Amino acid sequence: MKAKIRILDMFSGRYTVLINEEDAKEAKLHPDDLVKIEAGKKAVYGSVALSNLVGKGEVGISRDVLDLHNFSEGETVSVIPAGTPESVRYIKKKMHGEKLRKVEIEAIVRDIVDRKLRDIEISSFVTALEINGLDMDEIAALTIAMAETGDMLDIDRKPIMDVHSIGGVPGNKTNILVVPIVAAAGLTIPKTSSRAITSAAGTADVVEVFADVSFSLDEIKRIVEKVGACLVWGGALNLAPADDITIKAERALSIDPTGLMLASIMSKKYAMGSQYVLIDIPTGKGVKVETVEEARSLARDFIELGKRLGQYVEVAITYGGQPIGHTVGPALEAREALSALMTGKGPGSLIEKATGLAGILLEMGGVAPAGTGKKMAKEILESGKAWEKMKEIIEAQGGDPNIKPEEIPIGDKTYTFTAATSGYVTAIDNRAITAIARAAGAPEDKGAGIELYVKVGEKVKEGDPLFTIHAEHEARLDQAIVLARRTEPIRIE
């Protein structure tokens, strides 16, 4: 079917091709059919939609197509039905429990970037990975292929330092402190973060509260070269594009398969040119890694994988048993991160973790002598040096450097739980806490989340507030409250 391109103003989150109903009938095209649209060299894969929105001889392409392609309005194109990708066969092999060849893995990823493989296929591959897993060879191959399928950042500074968390632990806004501290010491730390996957707020969600996080790689180079650091969303750019698509399936299913997770973090690091990388693994009940043996094993994977990519990797196994700091959800976490930086003061759990992580990086970067990195990190934070650096990052990223953290808006609707009985907190359930924060509307509603007044081992008297739920909407707040009652996230002995 040959047609003239019309650009339709809609974003479905997929490549949408609008086909004339008469034209579609003539061409035997059905809704959600996979088609290829080509003119000369240029080609795109889209999902068919039938409508009268498009005139005869007219094909409509959604705005999504525009970003990675170059199709002009009225340009003549050929629309041809596209067959099931050969790569589905490879997805089926993984499903059966078979190890994938490098060439097979390469085929799947390119298919993902190409959009030949769609939600059903991608979800199937992710589910297969979750149930059947990957060995180190598959992961290394997956990581490299993911990285190779995108652009690579070029930064004139070296060496390039990086920090990443596998997350899971609630309220982990820690790296927001860490980057300004490392950059303040003069090291180069261009950080990329995903949005929430299994949690209430991903770091990008938190940063987005006070600054833009979506940039082009060119924009990223300029910011990092001028400021020495960035806190940006990995998704927004053509860095490991396969990863952005794969994460969406993971987010929907509330899963983060370890082999995929390793490939996802490391592929972005390789794309960014990171040489010295620090990985944080929250460990404990309610998180991705329950035990230290599990954490150590995971640490070895990160280290072996980095070695294969030519990267120096160090891992910190940290306590993930409870939420970090006092906040869950994007605005609340942002307020906590910003105030801690600006005043140099904040919750012990956040400050100690952040200084320790930054300290490892400072030593790795060679700016701190062995064993003095954590102390140096504290001085940088306390002196307001990290704050000055953060102001620069925020200004470079379209934020207001004069922002007042306590003035950042949080959810209008609130309900506070109080201690039923006098006692001491014996546990906080991380999974329950995340679920409640999500019920409140996080992270889509930045204001939504939980403020936590208690931590484990702390004595409490009856009527002492345990936590407050924040929500933009009353319906969301009520759902969170209902969930909170069933869950009993805070346990008092």
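Numbering starts at 1 and runs along the sequence shown.
Higher mean CA B-factor, judged across 65 to 73 and 464 to 472 from the recorded values: 65 to 73. Once the C-alpha B-factors are averaged per stretch, 403 to 411 and 389 to 397 rank with 403 to 411 first. Sorting 132, 349, 322, 291 by the CA temperature factor given in the entry leaves 291 at the top.
Residues shown: 97, 366, 257, 423. Highest C-alpha temperature factor in the entry: 423. Sort the modelled residues of the chain by CA B factor and residue 441 lands in the middle third. Ranked by C-alpha B-factor against the other modelled residues of its chain, residue 124 falls in the lowest third. For residue 219, the recorded CA temperature factor ranks within the highest third of the chain's modelled residues. In this PDB entry, the Cα temperature factor of residue 378 sits in the bottom third of its chain's modelled residues, the lowest group. Sort the modelled residues of the chain by CA B factor and residue 150 lands in the highest third.
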